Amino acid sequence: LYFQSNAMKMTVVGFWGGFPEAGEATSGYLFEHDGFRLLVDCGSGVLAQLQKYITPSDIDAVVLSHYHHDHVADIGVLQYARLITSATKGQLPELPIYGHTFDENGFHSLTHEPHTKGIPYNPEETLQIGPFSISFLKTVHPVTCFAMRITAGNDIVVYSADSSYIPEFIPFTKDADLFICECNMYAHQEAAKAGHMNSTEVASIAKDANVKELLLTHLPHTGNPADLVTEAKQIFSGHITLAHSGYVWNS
């Protein structure tokens, strides 16, 4: 394959855990490589926020970690956007939306023929979506969920999706250039019961896996989330970024 390294751009579209704060969005991350636009998760407010960066026609594929509302809320209106745009501005190609099949109802919802098509992913195999190669790790969370290791050439981006701490994250996240990790809890808070991680746990993974940059996301709605960075810095010495709308990372 002839996909170039160091030519991937990741833009944070939404980053709030559970529900969005004012004027923003829950989980949604735009990955771009040589004109191919991959949307990772598609939560509440994501279609509105996405259009700060690209049009709905510009999306080439969507991939989903799990079917919680904060990760899929805008799939339906995305399907309507493709249908309406095709009718009024010119026919678009069928949009593939990649999801797991452990929630059959959730997976079925991804297809709105002929505008979008649900395509299953197999978490035990490596998926190719345009220039992106993706492998998966099953997380620990109240519904079936998969973390993703997204590569193009030699680039490595890991997205935790949602999880409580598991040691399997260490080998999975090994040497990642960017680790986009949920951090729903502060250091003083127990997170595992809820299927989430705290800043201590997240920082531990970043350190053990020797990641280059840690991006704290899926943020809580109490406190000052900047404190998560301060807490994580006590443990992990690499670069730490707090997710915000329009944060851009270049590989």
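The first residue of the sequence shown is number 1, and the count goes up from there.
- When the two stretches 43-51 and 218-226 are set side by side, the higher mean Cα temperature factor goes to 218-226.
- Stretches 9-17 and 232-240 differ in mean C-alpha B factor, with the higher average recorded for 232-240.
- Residues shown: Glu32, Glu182, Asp60, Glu190. Highest C-alpha temperature factor in the entry: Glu190.
- When the C-alpha B-factors of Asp74, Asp103, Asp162, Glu168 are read from the PDB record, the largest value belongs to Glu168.
- Among all modelled residues in its chain, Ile119 ranks in the middle third by Cα B-factor.
- Sort the chain's modelled residues by C-alpha temperature factor and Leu64 lands in the lowest third, per the entry.
- For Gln79, the recorded CA temperature factor ranks within the lowest third of the chain's modelled residues.
- Remark: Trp249 belongs to the middle third of its chain, ranked by C-alpha B-factor as recorded.
- Annotation for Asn210: CA B-factor lies in the highest third of the chain's modelled residues.
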